[PDB]
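Chemist: an experimental structure, sequence included, is below.
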Amino acid sequence: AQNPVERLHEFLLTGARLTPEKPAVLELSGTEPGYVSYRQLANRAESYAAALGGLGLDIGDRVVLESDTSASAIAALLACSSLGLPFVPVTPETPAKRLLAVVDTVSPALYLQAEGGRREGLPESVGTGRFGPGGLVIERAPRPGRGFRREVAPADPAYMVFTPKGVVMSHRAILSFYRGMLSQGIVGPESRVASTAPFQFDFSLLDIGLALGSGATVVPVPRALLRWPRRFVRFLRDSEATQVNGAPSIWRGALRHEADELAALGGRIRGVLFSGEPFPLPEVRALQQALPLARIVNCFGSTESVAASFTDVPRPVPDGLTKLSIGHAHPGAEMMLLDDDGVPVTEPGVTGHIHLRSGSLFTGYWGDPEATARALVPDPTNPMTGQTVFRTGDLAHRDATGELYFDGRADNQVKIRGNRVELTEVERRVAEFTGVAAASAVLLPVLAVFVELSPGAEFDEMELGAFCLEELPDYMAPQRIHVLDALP
Ligand SMILES: C[C@H](N)CC(=O)OP(=O)(O)OC[C@H]1O[C@@H](n2cnc3c(N)ncnc32)[C@H](O)[C@@H]1O
Ligand SMILES: [Cl-]
């Protein structure tokens, strides 16, 4: 209590000093359900730290963490955080190719996966280990670090999330976001927060901070369940979840095929949170009706600050509302609307480019200062301070009451399975296939690319599909290729 909380693990474990016996994270012990309590979570966390802290690792050395969200994964990140080892979450569904690209660029001292983890193939240069309820065990010792660093500063890295582009987030950035979000009273200490995102998104951490920072319980939702809407609803039933967080699309199956079962949870679920994509209004209304007690909140923003705004979906949604609002920044934040020349937009209803100023901003992109300098630009409203501000690439306009409406992107960034895809990079790659002169990508959800053959060339459908995968991930592969004579 005498100790001020300026680091990630010190924040998420406050419940271990105030409410030690409260259940912190739901956890399956074989087939017998249990709960890890704030105190127990803290013990696993330090049990892990002891195993880690004797390995010669310096503060700043990176560690890869391969797991679905679970109490042991939280323990691992807590431990990493306790040692100033920034951590890189990765989800077990991750393609070999993609993982070793992350390992390669971030050059971590150590890789760790779940007890059950069936991963192999890591460089001998990289330490290897495992974790679960029974403890943390190292297999291949990591090379020791410099033995030079001595204290963890709020500006130091806490974690990095990878799109390969890593967003590097300090201890402060993540605590300002946590402090912004909790100011909204989305949840209480009796809440059971069902977390759906993959551990490799940002969103998982948002879920964990929401629950733990509110004294609540994290309910890890096994992702398997998303393609079995009934099994997914029974899971929410039996876990007795009261808050459910996820991309809008987690609800699609249940609203479409299982609305009766879902509405059987209507008395227990008091909140639902979404970010990433807009929620289509038909479905939002459906969900409001199936869950009549639920406060539905639209979380808008970006990994580069986790997020920015939390905005209540009105109940019911007025009939001629085509878009939900994204509100205004949480306390201590501001999304400024600027024009093309960075001049402020003061007129309501005029679209502008959101520039975010907060205590939450990413430190930079890993090993990519040029991108970092394009994203965190000097503050156009007051550039002489030295202060930097985040050029989001998102457009919006404000109404006369001061609320924001998302107008889409200024570039061609798109979302596919929640992963940021720049459509111009699909186009460029397709265009470097021989016999293609130009391409145009577009989303309809499905990704199509339209292509204009160079003069003379014959064109092989599948040869392109495969050629794209050579350097584009699976979510960036076209599902539909259409040849044309020319391009409008
Ligand atoms: C918690 C998580 N980090 C949120 C997120 O989506 O992270 P990120 O992968 O970094 O997505 C960035 C973009 O998604 C879009 N977005 C984001 N939330 C919304 C929204 N609620 N409505 C509409 N568009 C949105 C905006 O384009 C954002 O610029
Ligand atoms: Cl704002």
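Modeler: Cool, got the structure. Numbers count the residues shown, from 1 in each chain. Ligands and ions are numbered 1, 2, ... in the order given.
Chemist: centroid-wise, who is the farthest residue in this protein?
Modeler: The outermost residue of the chain, judged against the average C-alpha position, is residue 456 (45.5 Å), by C-alpha atoms, centre = their mean.
Chemist: ok, that residue to residue 333 distance?
Modeler: Distance of residue 456 to residue 333, given as C-beta to C-beta, to the nearest Å: 56 Å. (C-beta placed from N, C-alpha, C; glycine too.)
Chemist: with residue 451 instead?
Modeler: Counting by C-beta to C-beta, the gap from residue 451 to residue 333 is 43 Å.
Chemist: and residue 379, by the same measure?
Modeler: Taking C-beta to C-beta, one finds residue 379 at 14 Å from residue 333.
Chemist: point me to the residue of the stretch 351-488 of the chain nearest ligand 2.
Modeler: residue 404 (6.2 Å; C-beta to the ion).
Chemist: ok, that residue - contacts?
Modeler: Contacts here follow C-beta atoms under 8 Å, 6 or more residues apart in numbering; on that basis residue 404 touches 300, 309, 325-328, 335, 354, 396-398.
Chemist: try it again with 6 Å
Modeler: 326, 396, 398 (C-beta atoms under 6 Å, 6 or more residues apart in numbering).
Chemist: same question for residue 435.
Modeler: Contacts for residue 435 (C-beta under 6 Å, 6+ apart) come out as 453-454, 457, 459.
Chemist: the closest residue to ligand 2 within the chain and ligand 1, how far apart?
Modeler: Distances between the chain and ligand 2 by C-beta to the ion are smallest at residue 328, namely 3.6 Å. The gap separating residue 328 from ligand 1 is 14 Å, by C-beta to the nearest ligand atom, to the nearest Å.
Chemist: helix, strand, or coil at the residue lying closest to that residue once chain neighbours are set aside?
Modeler: Among residues not flanking residue 328 along the chain, residue 402 sits closest, at 5.8 Å (C-beta to C-beta, 6 or more residues apart in numbering). Classification of residue 402 by DSSP: H, G, I helix; E, B strand; the rest coil places it in coil.
Chemist: against residue 354, how distant is residue 402?
Modeler: Distance from residue 402 to residue 354, by C-beta to C-beta: 14 Å.
Chemist: who has more neighbours out of those two?
Modeler: residue 354 (27 against 9; other C-beta atoms under 10 Å).
Chemist: who does the strand or helix carrying the more buried one pair up with?
Modeler: Per DSSP states H and E: residue 354 is located in strand 352-357. With DSSP bridges as the test, strand 352-357 is paired with strand 334-338 (antiparallel), strand 388-398 (antiparallel).
Chemist: how about those in TSV, adding distance to ligand 2 and mean neighbour count?
Modeler: TSV is the format used below for those (distance: least, C-beta to the ion, whole Å; neighbours: other C-beta atoms under 10 Å):
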stretch	distance to ligand 2	mean neighbour count
strand 334-338	4	19
strand 388-398	8	20
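Chemist: out of the ones you listed, nearest to residue 262?
Modeler: With C-beta to C-beta as the criterion, residue 262 lies closest to strand 388-398 of the strands paired with strand 352-357, at 31.6 Å.
Chemist: name the residues that touch that closest one?
Modeler: 304, 348-351, 354-357, 361, 375-377, 379, 404-411.
Chemist: filter the residues you listed down to the buried ones, ChimeraX style.
Modeler: A single ChimeraX command is used to select the members of those judged buried by 16 or more other C-beta atoms under 10 Å:
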select :304,354,355,356,357,361,375,376,379,404,405,406
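Chemist: return the subset of the contacts of strand 388-398 lying in strands.
Modeler: 354-357, 376-377, 404-409 (DSSP state E).
Chemist: show me the two of the residues you listed that sit farthest apart.
Modeler: Pairwise distances across those peak at 24.9 Å for 376 and 405 (criterion: C-beta to C-beta).
Chemist: so which residue of the stretch 251-400 of the chain comes closest to ligand 1?
Modeler: Closest approach between the stretch 251-400 of the chain and ligand 1, counting by C-beta to the nearest ligand atom: residue 303, at 3.3 Å.
Chemist: got the contact list for that residue?
Modeler: So residue 303 contacts 161, 167, 202 (C-beta under 6 Å, 6+ apart).
Chemist: repeat that for residue 136.
Modeler: 48, 51.
Chemist: so it bridges to which residues?
Modeler: Bridge pairing for residue 136 (DSSP bridges) gives the partners residue 131.
Chemist: thinking again about what came up before, ok, and which of the ones in strands among the contacts of strand 388-398 reach ligand 1?
Modeler: Among these, the residues lying close to ligand 1 (C-beta under 6 Å from any ligand atom) are 406, 409.
Chemist: which single one of the ones in strands among the contacts of strand 388-398 is nearest to residue 49?
Modeler: Nearest to residue 49 among those: residue 376, at 32.2 Å, using C-beta to C-beta.
Chemist: for residue 392, see how far away that closest one is.
Modeler: Distance, residue 376 to residue 392, by C-beta to C-beta: 11 Å.
Chemist: swap in residue 31?
Modeler: Residue 31 is 45 Å from residue 392, by C-beta to C-beta.
Chemist: show me where the stretch 1-150 of the chain has its helices.
Modeler: 8-12, 15-18, 38-53, 71-83, 96-106 (DSSP state H, counting those that start in this stretch).
Chemist: deepest-packed of those helices, please.
Modeler: Burial of these is given as mean neighbour count (mean count of other C-beta atoms under 10 Å); helix 71-83 ranks first at a mean of 25.
Chemist: please name the bridge partners of the residue of the stretch 351-488 of the chain closest to ligand 2.
Modeler: According to DSSP bridges, beta-bridge pairing links residue 404 with residue 327, residue 398.
Chemist: for ligand 1, what is the nearest residue in the stretch 101-250 of the chain?
Modeler: residue 202 (4.0 Å).
Chemist: could you chop this structure up by domain?
Modeler: Using curated CATH domains, the domain parsing of the chain gives 1-410, 411-488.
Chemist: quickly check: the last one near ligand 1 or not.
Modeler: Yes: judged by C-beta under 6 Å from any ligand atom, domain 411-488 comes into contact with ligand 1 through 415, 420.
Chemist: centre of the chain to that domain, how far?
Modeler: Centre-to-centre, domain 411-488 and its host chain are 26 Å apart (C-alpha atoms, centre = their mean, to the nearest Å).
Chemist: numbering from 48 from now on, please.
Modeler: Shifting the count to begin at 48 puts that one at domain 458-535.
Chemist: quick one: terminal-to-terminal distance for it?
Modeler: 19 Å (C-alpha to C-alpha, to the nearest Å).
Chemist: likewise for stretch 315-335?
Modeler: So stretch 315-335: terminal residues 14 Å apart, C-alpha to C-alpha.
Chemist: ok, and what's touching it?
Modeler: Contacts for stretch 315-335 (C-beta under 6 Å, 6+ apart): 289-292, 294-295, 298, 302, 338, 340-344, 346, 363-364, 462, 465.
Chemist: buried subset of these?
Modeler: 289-292, 294-295, 298, 302, 338, 341-344, 346, 364, 462, 465.
Chemist: which bits of this protein sit near ligand 1?
Modeler: 249-250, 253, 322-323, 325, 345-350, 353-354, 439, 441, 453, 456, 462, 467.
Chemist: the same query, at a cut-off of 8 Å, please.
Modeler: 210, 214, 244, 248-250, 253, 321-326, 345-351, 353-354, 371, 373, 439-441, 453, 455-456, 460, 462, 465-467 (C-beta under 8 Å from any ligand atom).
Chemist: which outside residues touch the one helix or strand residue 257 maps to?
Modeler: Assigning secondary structure by DSSP H and E places residue 257 in helix 250-259. Helix 250-259 has contacts (C-beta under 6 Å, 6+ apart) with 59, 116, 225, 234, 240, 242, 244, 265, 292, 353.
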